[PDB]
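Letters A, B, ... mirror the listed sequences (proteins, then strands); counts begin at 1. Ligands are counted one by one from 1 in listed order, and the atoms in each one are counted from 1 as well.
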There are 2 protein chains.
Amino acid sequence: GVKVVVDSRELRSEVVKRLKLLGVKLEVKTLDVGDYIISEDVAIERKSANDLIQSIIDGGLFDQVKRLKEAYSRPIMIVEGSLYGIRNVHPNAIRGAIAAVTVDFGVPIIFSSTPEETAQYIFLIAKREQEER
Amino acid sequence: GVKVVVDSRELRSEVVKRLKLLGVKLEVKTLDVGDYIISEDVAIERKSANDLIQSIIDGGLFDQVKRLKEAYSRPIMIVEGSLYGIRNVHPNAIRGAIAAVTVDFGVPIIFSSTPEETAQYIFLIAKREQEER
Ligand SMILES: [Mn+2]
Ligand SMILES: [Mn+2]
């Protein structure tokens, strides 16, 4: 089976439930950065669409990505939930943030519609990491 | 204004119409690779959700990304349209492809819901490129 380190704050999430159903072996830790660690280089940050939008409003998104990159050489951000129909911010603000993180900071931003899908992504990434290690 | 080179096959698309409304100055060329060129390093490939799925079915997606990377150091792929509810392929096949391109090949995959949104992304990326040149 594949092994993934999970931050304590994620322990009782539906993501963890699906990872367990998928047969993933989890090791719990309290991480200063990241939510799911796949390898010494690959770490995943789970962020809801609402929190992404809030971090854009408060201008804290870039500091968050900076911190991720300084801790892991190959960080990944999974944005969970729909970003559409969510007012309180012009679409260009969301688009601009996405483009900056993925193209400028060079941090992949994979989109997931549910916690189950976030788990499915974590699982397939970890499986590939294990196979090529 | 910002300047973008557009491949001839895109000339009469709704993407081009919006780019023109946004004030972008377009130079038409027949490109061997890429759909919208922003700089010597940044090129954008527009691909509909249906074509993305088809390229996964036919196993041609990776060759396409390879070709993009060999032509431009900083290529970007904009997937246009929803990938959900589109059967004829298991979700893991789509997820796996997305993860491979963005994390392994290191090519950003920005998602757009419409040709207008694809244009909005092209515009903001080009504007930033111009400002920092
Ligand atoms: Mn998180
Ligand atoms: Mn295209």
Side-chain angles (χ1 to χ4, degrees), chain A residues 4-16 19 28-38 42-56 60-61 63-65 67-68 71-72 75-81 101 107-112 114-115 117-119 121-122, chain B residues 4-16 19 28-38 42-56 60-61 63-65 67-68 71-72 75-81 101 107-112 114-115 117-119 121-122:
Chain A
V4 176
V5 164
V6 57
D7 174 80
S8 53
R9 277 79 69 173
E10 287 293 295
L11 189 54
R12 284 178 277 294
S13 69
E14 294 302 288
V15 176
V16 163
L19 288 173
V28 182
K29 295 187 177 181
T30 291
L31 308 173
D32 297 317
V33 63
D35 294 316
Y36 297 90
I37 311 304
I38 296 303
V42 184
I44 291 172
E45 175 83 306
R46 179 191 177 207
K47 182 143 295 182
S48 71
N50 173 281
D51 287 335
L52 180 70
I53 291 174
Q54 187 61 58
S55 69
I56 290 169
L61 178 59
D63 283 311
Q64 303 182 316
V65 178
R67 185 171 167 181
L68 282 165
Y72 295 95
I76 304 170
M77 183 173 282
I78 293 177
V79 177
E80 190 180 296
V101 177
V107 176
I109 284 186
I110 294 174
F111 306 74
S112 168
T114 63
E117 180 157 62
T118 293
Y121 263 113
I122 294 166
Chain B
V4 176
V5 164
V6 57
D7 174 80
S8 53
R9 277 79 69 173
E10 287 293 295
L11 189 54
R12 284 178 277 294
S13 69
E14 294 302 288
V15 176
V16 163
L19 288 173
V28 182
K29 295 187 177 181
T30 291
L31 308 173
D32 297 317
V33 63
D35 294 316
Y36 297 90
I37 311 304
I38 296 303
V42 184
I44 291 172
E45 175 83 306
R46 179 191 177 207
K47 182 143 295 182
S48 71
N50 173 281
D51 287 335
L52 180 70
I53 291 174
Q54 187 61 58
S55 69
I56 290 169
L61 178 59
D63 283 311
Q64 303 182 316
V65 178
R67 185 171 167 181
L68 282 165
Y72 295 95
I76 304 170
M77 183 173 282
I78 293 177
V79 177
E80 190 180 296
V101 177
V107 176
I109 284 186
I110 294 174
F111 306 74
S112 168
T114 63
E117 180 157 62
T118 293
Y121 263 113
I122 294 166

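Smallest separation of non-hydrogen atoms from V28(A) and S8(A): CG1-CA, 3.9 Å. Residues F111(A) and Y121(A) approach most closely at O-CE1, 3.8 Å, considering heavy atoms.
The closest donor-acceptor contact from the side chain of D35(B) to the backbone of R46(B) lies under 3.5 Å. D7(A) places a side-chain N or O within donor-acceptor distance of the main-chain N or O of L31(A), the cut-off being under 3.5 Å.
The Mn ion (ligand 2) does not have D7(B) among its coordinating residues (no N/O/S atom, backbone or side chain, under 2.8 Å). Residue contact annotation: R46(B) places an N/O/S atom under 2.8 Å from the Mn ion (ligand 2).
Nearest to the Mn ion (ligand 2), among the N, O or S atoms that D35(B) has, is OD2.
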